[PDB]
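Peer 1: If you scroll down you'll find the structure; I have some questions about it.
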Amino acid sequence: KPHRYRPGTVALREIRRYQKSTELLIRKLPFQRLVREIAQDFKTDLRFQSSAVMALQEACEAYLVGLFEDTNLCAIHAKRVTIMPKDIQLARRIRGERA
Amino acid sequence: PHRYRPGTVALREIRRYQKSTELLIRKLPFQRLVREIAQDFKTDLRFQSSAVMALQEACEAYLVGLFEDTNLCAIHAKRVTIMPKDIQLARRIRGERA
Amino acid sequence: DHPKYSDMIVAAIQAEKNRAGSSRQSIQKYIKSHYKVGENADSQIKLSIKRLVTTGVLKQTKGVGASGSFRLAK
Amino acid sequence: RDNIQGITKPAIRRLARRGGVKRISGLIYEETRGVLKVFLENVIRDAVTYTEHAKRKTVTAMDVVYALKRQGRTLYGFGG
Amino acid sequence: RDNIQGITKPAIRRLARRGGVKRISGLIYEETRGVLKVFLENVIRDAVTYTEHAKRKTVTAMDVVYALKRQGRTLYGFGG
DNA sequence: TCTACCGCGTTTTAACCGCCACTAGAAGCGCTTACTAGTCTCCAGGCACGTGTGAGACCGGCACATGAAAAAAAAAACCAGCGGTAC
DNA sequence: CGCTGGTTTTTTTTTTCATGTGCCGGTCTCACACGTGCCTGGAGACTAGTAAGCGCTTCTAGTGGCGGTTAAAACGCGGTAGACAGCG
Ligand SMILES: [Ca+2]
Ligand SMILES: [Ca+2]
Ligand SMILES: [Ca+2]
Ligand SMILES: [Ca+2]
Ligand SMILES: [Ca+2]
Ligand SMILES: [Ca+2]
Ligand SMILES: [Ca+2]
Ligand SMILES: [Ca+2]
Ligand SMILES: [Ca+2]
Ligand SMILES: [Ca+2]
Ligand SMILES: [Ca+2]
Ligand SMILES: [Ca+2]
Ligand SMILES: [Ca+2]
Ligand SMILES: [Ca+2]
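Residue numbers (PDB author numbering), protein chains in the order written: chain K, 37 to 135; chain O, 38 to 135; chain T, 24 to 97; chain P, 23 to 102; chain L, 23 to 102.
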């Protein structure tokens, strides 16, 4: 006899937890690598204020969290509980982010 | 007793009105609606005829666009029929509402 | 009040017209209207249909499981 | 009967058809009117505000154009 | 190169949780990475462009802030 | 399965139109003059640089929310056994 | 036989278990807060130059209203295709 939570019960717990908090949810280094990597394509031997990288992260996480809200609604609107790529795509299409 | 299957004319209408560009609301009833709404902000206001036309162009444009987005929300729910909840979603996601 | 959800189904399908089959929701509606019935009747008719499908006595003509149309001994 | 009723079912149907809608619930026609009214309220409010600031009693095309730009619904072909 | 994978499944899961998402398709993690990349490309491109115009080799917070404002994603608290 | 949407045909509605006449009011000219800029001075209020103190951030622990699985009670779906009936 | 009574099964409930989250009292650290002295930017007062407000004119447009057409709306009819709800 072991203990198990039903699929979804922890999901809910996680939601409550992360809504409650404000801390950045992507690991700071892997992000910073991704930034520099993308920046290379525009100009090589570029330096970044640490604050500039943090600004980018805040903006990115914010953006995605928001996109997920909208995506979630698109899922539910299709009588689903599970978000899928077509949920995101709809959200971005309606937002005028993509054709 | 010729009869077209439900939807066949709908399609015909779509093709027709997409093809064209003419304003699809009757000019006078709109113009009355404009002046009426304007009254609430300031009384005994005059309008250039061009200003009223601008408003109509912008309105029809806006709605046509909203319907496109609504249509997608309907289909996304495996429906063919747009419903208020389709519009509401579209306006919510657009950041028009809440 | 009324017993043999088996006898209940048979009496509702008897009354139901000669068809390719007879679909649950059309029998569920008949049994609830014609006899002193409960709520869990909808969920007991669902168990009643599956035991009659099981015994070869009733057989389903279209569909699968307990959403579809069912026929009797021929 | 408010002039809002002047926005006839068939007119809305037409707009939806240009939007590539095939089938339309009955409830939509009133819902649409509601939306259309909010749109105009917001645009005209701003337009009139420009008019008042210009100490005019006549709303100009430009008054609307400026209003629509503010609302992020830039309109070409009426000046500005 | 390909640090995009550094945006781990569990990290995406976390972001979605803050977005009030309960269940998440497997396909979403790659889809999200794609979106996140487009976002950063667009923002950074503009940021760097500000940097180049200031004849600098160091991207400042302000460079990003200005970029985000341009993109209509105004950011408070980095010198807005 | 059920109906509410479309596509059809008759009865009612009203918008459109091509025109005119009359005006409010938009727009543009000349005056005045009241306001704002742009100079030289003086000055303090707000900036950086640098101090130390309290708040909040952390810890553990125990008390409270919760969800999950398990024991107990209720509600309702049925076998017999029976009395009662005509054999 | 039809009954009917009690009991077998399906529901709901209570429960128990367990677990995790929230809270207090005691603790450390650092960012808040403030305080200094110095600098710059503000305010100041003066002068002149200008922009705009105000009244006058013009002229335009926009409004209101004319006949009546003919198109469009609008109504109700009747019949499918799709909404939708359940199942597996
Ligand atoms: Ca009012
Ligand atoms: Ca009014
Ligand atoms: Ca007047
Ligand atoms: Ca008037
Ligand atoms: Ca230099
Ligand atoms: Ca009907
Ligand atoms: Ca002093
Ligand atoms: Ca001081
Ligand atoms: Ca300070
Ligand atoms: Ca302090
Ligand atoms: Ca018996
Ligand atoms: Ca405490
Ligand atoms: Ca601390
Ligand atoms: Ca229905």
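For each residue, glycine too, the CB sits at the ideal point set by N, CA and C.
Assign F84 (chain O) to one of three DSSP states: helix, strand, or coil.
Peer 2: If DSSP states are grouped into helix, strand and coil, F84 (chain O) belongs with the strands.
Peer 1: For the candidate residues K:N108, K:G102, K:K37, K:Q68, whose alpha-carbon lies nearest to that of residue 12 (chain L)?
Peer 2: Only positions 23 to 102 of chain L appear in the structure, and residue 12 (chain L) is not among them; the question remains open.
Peer 1: Going by DSSP, what residue range makes up the beta strand (DSSP E) through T84 (chain T)?
Peer 2: Segment 82-87, the beta strand (DSSP E) holding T84 (chain T).
Peer 1: Report the three-state DSSP secondary structure of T96 (chain P) (helix, strand or coil).
Peer 2: Coil at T96 (chain P), not helix or strand.
Peer 1: Under a Cβ-count criterion, where at least 16 other Cβ atoms within 10 Å of its own Cβ denotes burial, should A69 (chain P) be classed as buried or exposed?
Peer 2: Buried: at least 16 other Cβ atoms inside 10 Å.
Peer 1: Using the beta-carbon of each residue, which ones in chain O are nearer than 7 angstroms to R39 (chain P)?
Peer 2: By Cβ distance, chain O contributes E50, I51, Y54.
Peer 1: Are any of the Cβ atoms in chain O nearer than 8 angstroms to that of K91 (chain P)?
Peer 2: No, no contact with chain O.
Peer 1: Please check the pair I26 (chain P) and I119 (chain O), which I expect to be a contact at CB under 8 angstroms, by giving their CB distance rounded to whole angstroms.
Peer 2: Rounded, the Cβ-Cβ distance is 20 angstroms, inconsistent with contact.
Peer 1: Decide if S57 (chain O) is buried, meaning its Cβ has at least 16 other Cβ atoms within 10 Å, or exposed.
Peer 2: Answer is exposed; the Cβ neighbour count stays below 16.
Peer 1: Counting pairs of Cβ atoms below 8 angstroms between the region 40-48 of chain P and the region 99-107 of chain O, do you hit three or more?
Peer 2: Segments in contact, yes.
Peer 1: Which one or two residues does DSSP pair with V81 (chain L) in a beta bridge?
Peer 2: DSSP output for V81 (chain L) lists K:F84 as bridge partner(s).
Peer 1: Find the residues of chain P that neighbour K79 (chain O), judging by a C-beta separation of less than 7 angstroms, and give them in chain order.
Peer 2: Result: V70, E74.
Peer 1: For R55 (chain P), I'd like the list of residues in its chain whose CB is within less than 6 angstroms of its CB, leaving aside the five on either flank, ordered along the chain.
Peer 2: Excluding positions up to five away in sequence, the list reads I26, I29.
Peer 1: Could you tell me the distance, in whole angstroms, from the CA atom of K73 (chain T) to the CA atom of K115 (chain K)?
Peer 2: Cα-Cα distance, rounded: 29 angstroms.
Peer 1: Can you list the beta strand (DSSP E) stretches of 3 or more residues lying completely in the region 65-109 of chain O, in chain order?
Peer 2: Segments of the beta strand (DSSP E) lying fully in the region 65-109 of chain O: there are none.
Peer 1: Quick one, are the C-beta atoms of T96 (chain P) and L90 (chain P) less than 8 angstroms apart?
Peer 2: For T96 (chain P) and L90 (chain P), yes; Cβs fall inside 8 angstroms.
Peer 1: Please classify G28 (chain L): does DSSP put it in a helix, a strand, or coil?
Peer 2: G28 (chain L): helix per DSSP, three-state reduction.
Peer 1: Please report how far the alpha carbon of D77 (chain K) lies from the alpha carbon of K64 (chain K), in whole angstroms.
Peer 2: Cα to Cα, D77 (chain K) sits roughly 21 angstroms from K64 (chain K).
Peer 1: For a contact meaning CB atoms closer than 8 angstroms, what does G42 (chain P) contact in chain O?
Peer 2: Near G42 (chain P) (Cβ distances below 8 angstroms), the residues of chain O are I51, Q55, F104, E105, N108.
Peer 1: Suppose you measure from the CA of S46 (chain T) to the CA of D123 (chain O); what does that come to, to the nearest Å?
Peer 2: Roughly 33 angstroms separates the two Cα atoms.
Peer 1: Alpha carbon to alpha carbon, what distance is there between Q67 (chain T) and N64 (chain P)?
Peer 2: Each residue's alpha carbon lies about 57 angstroms from the other.
Peer 1: Bridge partners of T118 (chain K), per DSSP?
Peer 2: Answer is L:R45.
Peer 1: Under 8 angstroms between C-beta atoms, does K77 (chain L) make it to chain K?
Peer 2: So no, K77 (chain L) is outside the interface.
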